[PDB]
Amino acid sequence: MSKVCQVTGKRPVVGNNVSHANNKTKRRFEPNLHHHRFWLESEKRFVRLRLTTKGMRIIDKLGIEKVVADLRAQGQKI
Amino acid sequence: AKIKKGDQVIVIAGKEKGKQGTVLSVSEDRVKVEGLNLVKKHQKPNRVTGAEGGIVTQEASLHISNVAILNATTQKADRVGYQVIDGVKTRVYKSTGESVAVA
Amino acid sequence: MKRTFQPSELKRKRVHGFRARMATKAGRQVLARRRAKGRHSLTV
Amino acid sequence: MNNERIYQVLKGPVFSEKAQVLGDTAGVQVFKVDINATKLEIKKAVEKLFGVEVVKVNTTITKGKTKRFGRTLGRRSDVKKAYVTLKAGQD
Amino acid sequence: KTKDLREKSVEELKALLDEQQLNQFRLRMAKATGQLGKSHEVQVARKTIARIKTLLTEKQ
RNA sequence: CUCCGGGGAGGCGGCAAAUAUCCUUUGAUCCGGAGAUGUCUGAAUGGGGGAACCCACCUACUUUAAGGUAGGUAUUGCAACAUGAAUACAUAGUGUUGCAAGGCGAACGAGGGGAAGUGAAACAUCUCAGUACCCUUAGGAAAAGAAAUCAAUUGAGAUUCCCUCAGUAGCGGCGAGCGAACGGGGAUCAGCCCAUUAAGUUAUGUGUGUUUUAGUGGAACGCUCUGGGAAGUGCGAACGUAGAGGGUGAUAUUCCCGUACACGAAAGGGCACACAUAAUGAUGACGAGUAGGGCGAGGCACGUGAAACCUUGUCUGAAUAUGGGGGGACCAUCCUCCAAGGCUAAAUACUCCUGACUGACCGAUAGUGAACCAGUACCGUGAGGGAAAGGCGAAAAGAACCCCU
RNA sequence: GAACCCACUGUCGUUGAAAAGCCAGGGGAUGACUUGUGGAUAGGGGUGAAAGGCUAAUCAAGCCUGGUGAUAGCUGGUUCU
RNA sequence: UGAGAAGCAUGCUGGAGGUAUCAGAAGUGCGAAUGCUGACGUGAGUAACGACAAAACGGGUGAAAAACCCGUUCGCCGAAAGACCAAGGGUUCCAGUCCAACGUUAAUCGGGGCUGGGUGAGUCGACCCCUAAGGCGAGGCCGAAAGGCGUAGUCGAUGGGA
Ligand SMILES: NCCC[C@H](N)CC(=O)NCCC[C@H](N)CC(=O)NCCC[C@H](N)CC(=O)N[C@@H]1[C@H](O)[C@@H](OC(N)=O)[C@@H](CO)O[C@H]1NC1=N[C@@H]2C(=O)NC[C@@H](O)[C@H]2N1
């Protein structure tokens, strides 16, 4: 129901385009979001997460089980 | 102070000043005294109840501040105070302190 | 000649009625403004 | 149909030329009744409180009049009338 | 008459309520026909019904 | 409607008089507290719907006919229990019960988005301005808060608000404009913890104190003149811990209501302090995808500038007390602090509302749009716009009766 | 060629009977036809057998409320001796 | 009376407030702004009285009759100027009584004022069962928020059902 990373909470942010004549117009920066299936061995199933590449790096560093447990602690249905 | 329906009062202001009588009613701050402050009412006939009309004389109310309770002993205007004689509140004449004569 | 107002009670109620106003947040804001102003009749 | 509602169904008789003619000729009673009363309720109330037999009931509702009194406008309430037909010669 | 009413049972009070409701209907019919000169009668019946219902609520 | 308390002779609310039936010293009307009842619509929640309507289902009792009485039946979230696919174990799914939430409403707070008219005597950087407006969501306040902060004699010592510093230093088509800090003087003052866990806060109960919701008593003036009427003239008198105010037929300390002062509460509510028990603080144990860096933006008085510092959309990425951050490019030396975990009162902001008091504020074209049956009449499909209209007399004593019509 | 749907000509009307009409003539009238009821498309948008036409008697950017007391080197006015 | 803005005295009306002097503060002075609100003039007793289907007389009532009632004639419509239904309106329907205002004149008349009556259903219509276009929409998909769309369903006649 939004462009929100499940792991980091990243979401689009506002900013400006700045031309060579210094004209400023509003823009947004969007996160590098995508869907990814991760094998969960303790539950014998694939979990599909909407996350950023930075969230993927976090999962790489901390293990899928710890991240999933943390999201469940924050109150997400995984 | 207090003036009730049965009392005997004396008029202290208005065209009836000096006259005395018995009050007939008290309502809000207006009092009617028997035989005082008479007006002439031109009454039209009341068709449904007959009652052929005429010029009738009746009493008009005076402001309660324009009458004073009459002291029977001295035949003079007085004021009214309150005293708990024995265990009951009663009215008393300010000038003398005796109780107020009942109607 | 035909004039602009051609009355129809069903269309009147379905366009400007109480439930139509309550169905959206802007209509509820309309009702709030009319209550704040103290209108004797809120809707058609 | 309880006694409390039975005692509330009927309001009063109707006094008019039409009601008087109906009573004098066709043996029909004209009543003012509760705005929410039904035909079954009216029949039960009449049979209980008058000891007569009812063959059929006709009802009609007259909307109240809006009139201006003084400087203010007002409206009278709706009235429901019951035409109660009694069996053979009764009441 | 609430003091007199309070010295009765629930079952007596319910019968009293039924009697008073029937009496109220009879008074309304008499007034509608125009045979009644005293409307304080219907006022008293109304207030008595209210008192009986209050006492029933208190006692139950 | 009931009960408790007050009060003591009238009363059946107002326009709005009259009339009847009446009620009341066996204590009415009225005033305060506590209870009972409380139709339908509306978050509206049994389903639906053009708001105030249409149609239902399930239990228990009741009736004999075609009904009644009472209770239950919304959605979502959490917990427990039960049941249960592809698919073997499971999981998803399904149901019941219990608890909770939704809506409305002034301003103030916090956060998510965010203009243009205008000024620059044109206009694009800039200004207007993080203003107007839209959205989400608290509390009696909120936010912030206990230095990886400043300072530069080696000193200060958490936040917040006010006066100065100062229109100074700076920023800026170096234009128009924007505009600090250090230091000093005040208001208020307060610190406490990271798993055996603190200060504090919130509930319930008890006790104490105070306050609040009816009320009672409450001093003292006569004569005379003018007058329709005296409170006004003239002559004397009395009270004052009371000469605030209002009314009474014209201008009253002493006529009335009051005022100073002295008292007063069955019953209920508010606040303060002290104990009791819960619960919270409090999934957190010294902080890694973190600090720092490359690219693009935003915030800082500071527009890329000699540009430090803070935030991060994207790509990366340490050391870890012989360690690390800052002191406005940067290096060395000195000084100072310990980020990547938390809680915390006051001084501060506001007025839909309650009580008391006040005004060199208005007096019916003024003052609220509205002193009056006004957000009404009226206009518009609708959002919406939006008036005019106060005064007989002290008292109706509001003109019996006669005449023309 | 009637009903029905249109609007080519002329007189009248122009503080009208009428904020677009009457009268006398005129065109289509089984079709790309006329029409009731109920719906959909919303403002730099819609719809348009295309005239910048129409979008509630308003259209080269509808109406209402706010920014707002916009700005106006322009015009007017500015009260006793 | 003074040089002026103005001052002073007094007759009549009016019926309860006014205020020296010296200081102090301003919603402090109007003829104009095609200024704003209310009242009232001129035009002027002038134009007009809304389809050129058309009226005449006798009697009645009445303060008053061209317009109301009764009667005898005349004329106009008759694919509507007659009779119905839906939509829309809401008491305008009927009777008695009244004539100020309303009715483009008067009115005894009225769709006007006041008072009292009047709408009777198993078969007519609605409600109800059913669905179209379209609307809403448990879960769901999407979106900074507000929200967009949509499945199962659930509504919705202008149509089907004694
Ligand atoms: N979604 C965004 C998409 C981005 C897209 N990829 C475009 C892109 O990649 N980069 C955009 C640039 C972003 C930057 N913040 C804009 C900025 O800082 N401007 C500065 C403007 C200064 C002043 N106000 C006017 C001025 O003097 N201007 C000049 C010049 O007029 C302009 O000439 C045009 N204009 O005609 C250009 C020559 O061409 O040089 C400008 N001067 C300069 N230019 C340089 C620059 O940018 N940096 C380094 C330095 O050299 C800069 N000085």
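By convention in this document, chain letters (A, B, ...) are assigned in the order of the sequence lines, proteins followed by strands, and residues within each chain are numbered from 1.
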query: Is C:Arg12 near enough to F:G382 that one of its side-chain N or O atoms lies under 4.0 angstrom from OP1 or OP2?
result: yes
message: Between the base of F:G130 and the side chain of A:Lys26, is one N or O donor paired with an acceptor at under 3.5 angstrom?
response: yes
field: Sugar pucker assignment (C1'-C2'-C3'-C4' positive north, negative south) for F:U75
entry: north
task: Using a heavy-atom cut-off of under 4.0 Å over every strand shown, decide if D:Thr59 touches base, sugar-phosphate, or nothing.
output: sugar-phosphate
task: Apply the test side-chain contact (heavy atoms from CB on, under 4.5 Å) to residues D:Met1 and D:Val9: give CA-CA distance (whole Å), side-chain angles for both, the deciding distance (0.1 Å), then the verdict.
output: CA-CA 11 Å; D:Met1 174 103 252; D:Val9 165; 4.3 Å; yes
- request: Return the nucleotide paired to H:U37: Watson-Crick means purine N1 to pyrimidine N3 with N6-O4 or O6-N4, wobble means G-U with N1-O2 and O6-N3, both under 3.5 Å.
  value: none
task: For the nucleotides F:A82 and F:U94, establish whether a Watson-Crick or G-U wobble pair is present, both distances being less than 3.5 Å.
output: yes
message: Taking the six-membered rings only, are the centres of H:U42 and H:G43 under 5.5 Å apart with their planes within less than 30° of each other?
response: yes
message: Is there stacking between F:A387 and F:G386 - six-membered ring centres closer than 5.5 Å and planes within an angle under 30°?
response: no
- prompt: Can you tell me if the sugar in H:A138 is north or south, using the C1'-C2'-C3'-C4' torsion?
  reply: north
- prompt: Applying a 3.5 Å limit to both distances, which nucleotide forms a Watson-Crick or G-U wobble pair with F:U59?
  reply: F:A70
message: Is the phosphate of F:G298 approached by A:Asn16 (side-chain N or O, under 4.0 Å from OP1 or OP2)?
response: yes
message: What contact category does E:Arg6 fall into here, base, sugar-phosphate, or nothing, at under 4.0 angstrom with non-hydrogen atoms?
response: sugar-phosphate
task: Would you confirm whether A:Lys10, through its side chain, and A:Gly55, through its main-chain N or O, come within 3.5 Å as a donor-acceptor pair?
output: no
- prompt: A:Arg50 near the nucleic acid: base, sugar-phosphate alone, or nothing, with a heavy-atom cut-off under 4.0 Å?
  reply: sugar-phosphate
task: Could you check whether B:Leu62 gets within reach of a base, just the sugar-phosphate, or nothing at all, counting any heavy atom under 4.0 Å?
output: nothing
field: Whether F:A199 stacks with F:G200 under 5.5 Å centre spacing and 30° plane angle
entry: yes
- prompt: Any N or O donor-acceptor pair linking the side chain of B:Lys76 to the base of F:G222 at under 3.5 Å?
  reply: no
message: Classify C:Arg33 by what it touches in the nucleic acid, base, sugar-phosphate, or nothing, heavy-atom distance under 4.0 Å.
response: sugar-phosphate
task: Output yes when at least one side-chain N/O atom of B:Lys15 is less than 4.0 Å from OP1 or OP2 of F:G229, else no.
output: no
field: Watson-Crick or G-U wobble pair, F:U45 with F:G167, both distances under 3.5 Å
entry: no
- prompt: Across the strands shown, which category fits D:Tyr83 at heavy-atom distances under 4.0 angstrom: base, sugar-phosphate, nothing?
  reply: base
task: Run the pair test on F:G139 and F:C108: Watson-Crick or G-U wobble, both distances under 3.5 Å, answer yes or no.
output: yes
query: Got more than 12 heavy atoms from elsewhere within 6.0 Å of CZ, C:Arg28?
result: yes
query: Rounded to the Å, how far apart are C:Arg34 CZ and G:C64 P?
result: 17 Å
query: Are C:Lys11 and G:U37 close enough that a side-chain N or O sits under 4.0 Å from OP1 or OP2?
result: no
message: Please check F:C263 against F:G215: Watson-Crick or G-U wobble, both distances under 3.5 Å.
response: yes
- line: Paired to G:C64 by Watson-Crick or G-U wobble criteria (both distances under 3.5 Å) is none
message: Strictly below 4.0 Å: does B:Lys5 bring a side-chain N or O up to OP1 or OP2 of F:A9?
response: no
- request: Answer yes or no: does a side-chain N or O of A:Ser2 lie under 4.0 Å from OP1 or OP2 of H:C142?
  value: no
- request: Based on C1'-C2'-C3'-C4', put the sugar of H:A51 on the north side (positive) or the south side (negative).
  value: south
- prompt: Is F:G229 the Watson-Crick or G-U wobble partner of F:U29, both distances being under 3.5 Å?
  reply: no
- request: Quick one: label A:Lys44 by what it contacts on the DNA or RNA (base, sugar-phosphate, nothing), any heavy atom closer than 4.0 Å.
  value: nothing
query: Do D:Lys65 side-chain and H:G117 base share a donor-acceptor contact under 3.5 Å?
result: yes
message: Between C1' on F:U25 and NZ on B:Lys4, what's the gap in Å once rounded to a whole number?
response: 10 Å
task: Would you mind classifying the nucleic acid contact of C:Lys25 as base, sugar-phosphate or nothing, using non-hydrogen atoms under 4.0 angstrom?
output: sugar-phosphate
- request: Give the rounded distance in Å between these two atoms: NE2 of C:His16 and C1' of G:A56.
  value: 11 Å
message: Considering every strand and a 4.0 Å limit on heavy-atom distances, what is the contact class for B:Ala1: base, sugar-phosphate, or nothing?
response: sugar-phosphate
message: Using 30° and 60° as the class boundaries, would you call the ring planes of E:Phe25 and D:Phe50 parallel, tilted or perpendicular?
response: perpendicular
message: Between the base of F:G385 and the side chain of C:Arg39, is there a donor and acceptor pair under 3.5 angstrom?
response: yes
- request: Give a yes or no on whether G:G25 and G:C8 pair, Watson-Crick or G-U wobble, both distances under 3.5 Å.
  value: yes
- request: Please state whether the phosphate of F:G113, meaning OP1 or OP2, lies under 4.0 angstrom from any side-chain nitrogen or oxygen of A:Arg27.
  value: no
message: Can you see a Watson-Crick or G-U wobble pair between F:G380 and F:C221, using both distances under 3.5 Å as the test?
response: no
field: Pairing between F:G232 and F:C225, Watson-Crick or G-U, 3.5 angstrom cut-off on both
entry: yes
- request: Go through the N and O atoms of the side chain of A:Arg57 and the base of F:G317, and report whether any donor-acceptor pair is under 3.5 Å.
  value: yes
Under 3.5 Å side-chain donor-acceptor pair for E:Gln43 and E:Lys47: no
field: Any donor-acceptor N/O pair, C:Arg34 side chain to C:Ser41 backbone, under 3.5 Å
entry: yes
task: Identify whether F:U75 and F:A101 are a Watson-Crick or G-U wobble pair (both distances under 3.5 Å).
output: yes
Axial cation check for A:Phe29 ring with A:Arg27, 6.0 Å and 45° limits: yes
